> 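For reference, the structure I am asking about is given below.
One-based numbering along the sequence shown. The basis for the numbers below is simple: all heavy atoms, side chains too, and nothing from hydrogens, waters or symmetry mates.
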Amino acid sequence: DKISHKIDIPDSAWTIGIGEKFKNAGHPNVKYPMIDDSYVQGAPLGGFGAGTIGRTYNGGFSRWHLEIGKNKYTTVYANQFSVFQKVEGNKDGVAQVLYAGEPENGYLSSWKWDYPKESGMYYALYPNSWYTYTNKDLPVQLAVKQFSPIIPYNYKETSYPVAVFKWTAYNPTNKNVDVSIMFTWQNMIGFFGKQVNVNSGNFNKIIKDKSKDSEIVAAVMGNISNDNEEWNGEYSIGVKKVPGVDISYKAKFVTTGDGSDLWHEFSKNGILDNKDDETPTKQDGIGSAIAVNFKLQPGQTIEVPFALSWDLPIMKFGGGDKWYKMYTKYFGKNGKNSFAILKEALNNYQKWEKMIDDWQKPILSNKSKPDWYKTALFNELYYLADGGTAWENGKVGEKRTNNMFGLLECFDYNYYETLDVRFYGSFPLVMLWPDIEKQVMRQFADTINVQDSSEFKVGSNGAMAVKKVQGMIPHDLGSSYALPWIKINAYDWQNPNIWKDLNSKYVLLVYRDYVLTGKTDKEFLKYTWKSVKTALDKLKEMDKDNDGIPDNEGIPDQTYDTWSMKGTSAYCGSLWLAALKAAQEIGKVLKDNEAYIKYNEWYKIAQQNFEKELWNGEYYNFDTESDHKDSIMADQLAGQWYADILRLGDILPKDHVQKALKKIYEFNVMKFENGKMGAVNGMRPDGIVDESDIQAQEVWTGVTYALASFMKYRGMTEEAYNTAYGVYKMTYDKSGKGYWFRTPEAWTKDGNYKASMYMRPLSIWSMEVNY
Ligand SMILES: [Ca+2]
């Protein structure tokens, strides 16, 4: 490996061998189907709301999230980088697709597949990833840096449906070597959203944009139809000329054939035919190819940038609504702008690289933080783009001031912005894209007094319940299968209108978002204040026994939606105390004296009773009335965690909080698989995992990272990082279960998972205490 020194890969990048097999991998162990796309994943490409494309460590473009809200795992084999090399004065060169695998059927059988093992590495530090190619039959070593411009406090480039692939080639040998790099792409119009004749009308064109000291050559893969539909638009691939390289291309090869129409050209001398052909296809799949060829002398390095863009302006959801995607604000809505997007990337990618470096540097340059922690912190952010992210710029046919946003809970439970989960999962939004975060919370504010009296069947018991109750915060903002932002509470396993955490978590989220953006946005507090008061006032009515605390009802009426709580619970009770303290403070800021006094009185009464009911001398009991009420819950003091973040001070005595956290570390962490897997949710006082419900026996990755945040705030630094380390180990390490770029909600002690690609573990950003 002589190429790694020519490029700048951080030591904290997650690393795996190209073609590596992973032996230990976890799977769901479940009654009903659950997504399991394997451990062959990688960092995604694409901006927020753009649709994303998962290119795996094996090189394949395989995890398609281009249909917003859907996860489709299938390798489009035509989409590749390939290399040709010939040592000067040899009869023949060699050609190789840079993919560690081969097609299932006979399509593209002419191409040289099966890139060998032990011949390169994949590296990831989101939003960047890299591949190196260090192959005994390729004298010139290659690397590529690939990324999209995901940039905190930037709402423009961060939206773009674009990726850059910056190649470096180096010749460590003492012979001249002729080298070509070729990007192939299938014209994927019709891959989704088209009900009949999936390729019909697809056509490819070549654009050569020549200007002083500049040439871009690109293929634009579109359809002859000018229909404005979800399925229609364009893909583009292209390259920018640099000194010492020539460009060649082929506008049209057949992807539903043996591929030799292209490969016989590339494998001869790495130079394509430069044949334009705009003839539309009917049944056959088609694709385009862009290549560069160059001669490298001994010791010579060259850098060349390629790019990929996708202008698919319209997203359609299952309930029929069609919306424009955010990036259309910058490029237009007509779906004929892929070249413009690609050109912007090829002419600005160096600036984008620096902008990314600028926001990663503060963390990377902090040598007090271990690299493993940095690996997790950056790579967990994959989910902000990969989570079915929807970011609208108008209804098709509809203009407002704001752009509604939603991130999915996950793909198995296809719910936008699940509030009980975003309480944990939304840290990167508030910390890095706060204008999005505030927009989402205003969306929830707007729903508070919505009433929908139509009834739905509750999954857990089969009872009928009212869809949406006035004054209760919704569970979610809908599903991609139905009508995001329009039809809320898509979730039906339980009835969220009687949840005891949603209203308090909502208030806490509001005040968090004010505090973590500088305590200056009084307008945001003013917008949400009536909803905050309504939320707490409704929840107060659920106090059945006049102790001043809402009562859990012997059912799962909160985020642990199969784990019953009854009476006063540590979880909902602490959240309530913290929410009251937040509302007092908002009252003070807005000069609403009567609210301050009311919520101060509620707080003092509830705080006194919480402590009396639950403090047992060592920790806070799970609740007052359940069968295993003295279980040690990992999340027992979630309210105090948020109070620490919100600078609301002590809701419970310092000594008791410290004792509780130490108990959780000693038991839920250290007595669960030797502390190597996170914090199990429920442990009995005798040191055995609570078996009352499956959720008690699970580690929740997002709960664990939040708990590590809590410990860090409380000066339990070693316990904090040791607690978080087990989640990192399980996700990313060779000794773990292979969950990189699909971090799940949960695992059990055997490592098997629930709900891969989950929002909650974005809570790791709550560990950025100093930030
Ligand atoms: Ca009560």
> Using a cut-off of 6.0 Å, state whether more than 12 heavy atoms not belonging to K487 lie near its atom NZ.
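No, the 6.0 Å shell around NZ holds no more than 12 heavy atoms from other groups.
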> Can you check whether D561's main-chain N or O pairs, donor with acceptor, with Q494's side chain at less than 3.5 Å?
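Yes, because the side chain of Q494 sits within donor-acceptor range (under 3.5 Å) of the backbone of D561.
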> How many angstroms lie between atom OH of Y514 and atom CG of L525, to the nearest 0.5 angstrom?
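It is 5.5 Å, given to the nearest 0.5 Å.
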> Assert yes or no for the condition that the ring centre distance of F423 to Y642 is strictly below 6.0 Å.
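Yes.
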> Taking atom NZ as the centre, does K540 end up with more than 12 heavy-atom neighbours from other residues, nucleotides or ligands that are less than 6.0 angstrom away?
yes
> Just how far is it from atom OH of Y481 to atom CG of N414, taken to the nearest 0.5 Å?
5.0 Å
> With under 30° as parallel and over 60° as perpendicular, where do the rings of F427 and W641 fit, or are they tilted in between?
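Plane angle between 30° and 60°, so tilted.
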> Once you measure the plane-to-plane angle for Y506 and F444, does it fall in the parallel (<30°), tilted (30-60°) or perpendicular (>60°) bin?
tilted
> Quick one: do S631 and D690 satisfy side-chain hydrogen bond (donor to acceptor under 3.5 Å, both in side chains)? Show the steps, please.
CA-CA 7 Å; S631 281; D690 188 342; 2.6 Å; yes
> Taking the basic N atoms (NZ, or NE/NH1/NH2) and the acidic carboxylate oxygens, is any pair closer than 4.0 Å for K754 and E745?
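Salt bridge between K754 and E745, a charged N being under 4.0 Å from a carboxylate O: no.
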> Going by an N to O cut-off under 4.0 Å, is there a salt bridge joining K544 and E553?
no
> Examine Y560 together with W700 and report whether their ring centres are nearer than 6.0 Å.
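Ring centres of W700 and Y560 closer than 6.0 Å.
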> Taking 4.0 angstrom as the limit, do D513 and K438 come out as a salt bridge?
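Judged by the 4.0 Å cut-off on N to carboxylate O distance, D513 and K438 do not form a salt bridge.
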> Spell out, as yes or no, whether a donor-acceptor pair under 3.5 Å connects the side chain of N674 to the backbone of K676.
no
> Between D693 and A696, is there a donor-acceptor pair closer than 3.5 Å when you use the side chain of the first and the backbone of the second?
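Side chain of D693 to backbone of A696, a donor-acceptor pair under 3.5 Å: no, none is there.
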> Over 60° means perpendicular and under 30° means parallel, so classify the ring planes of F622 and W563, tilted if in between.
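Rings of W563 and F622: tilted, as their planes differ by 30° to 60°.
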> Could you tell me if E719 and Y665 have a donor-acceptor pair between their side chains, going purely by distance under 3.5 Å?
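There is no such pair (donor and acceptor under 3.5 Å, judged by atom type) between the side chains of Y665 and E719.
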> Will you find, in the side chains of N752 and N29, an N or O donor that is under 3.5 Å from an N or O acceptor?
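No pair is found: no donor N or O on one side chain lies under 3.5 Å from an acceptor on the other.
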> Show your working on salt bridge (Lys or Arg N to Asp or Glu O under 4.0 Å) between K654 and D650 and close with a plain yes or no.
CA-CA 7 Å; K654 282 180 166 83; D650 297 321; 2.7 Å; yes
> May I ask you to check whether over 12 heavy atoms, not counting those of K519, lie within 6.0 Å of atom NZ?
yes
> Only one of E409, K505, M441 forms a side chain to side chain contact (heavy atoms under 4.5 Å, CB included) with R422, so which one is it?
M441
> Could you state the interatomic distance from OH (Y713) to CD (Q640), rounded to the nearest 0.5 Å?
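If I round to the nearest 0.5 Å, the distance is 11.5 Å.
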> NZ/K70 to CG/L408 distance, rounded to the nearest 0.5 angstrom?
9.0 Å
> Under 3.5 Å, is there a donor-acceptor pair between the side chain of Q451 and the main chain of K468?
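Checked: pair present.
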> Could you please spell out the steps behind the side-chain hydrogen bond (donor to acceptor under 3.5 Å, both in side chains) verdict for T568 and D547?
CA-CA 9 Å; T568 296; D547 70 353; 3.0 Å; yes
> Distance from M683 atom CE to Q697 atom CD, nearest 0.5 Å?
10.5 Å
> Would you call the rings of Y728 and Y732 parallel, tilted or perpendicular, taking 30° and 60° as the class edges?
parallel
> Take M633 and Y571 through the side-chain contact (heavy atoms from CB on, under 4.5 Å) test and state the conclusion after the steps.
CA-CA 8 Å; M633 199 208 188; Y571 188 61; 4.0 Å; yes
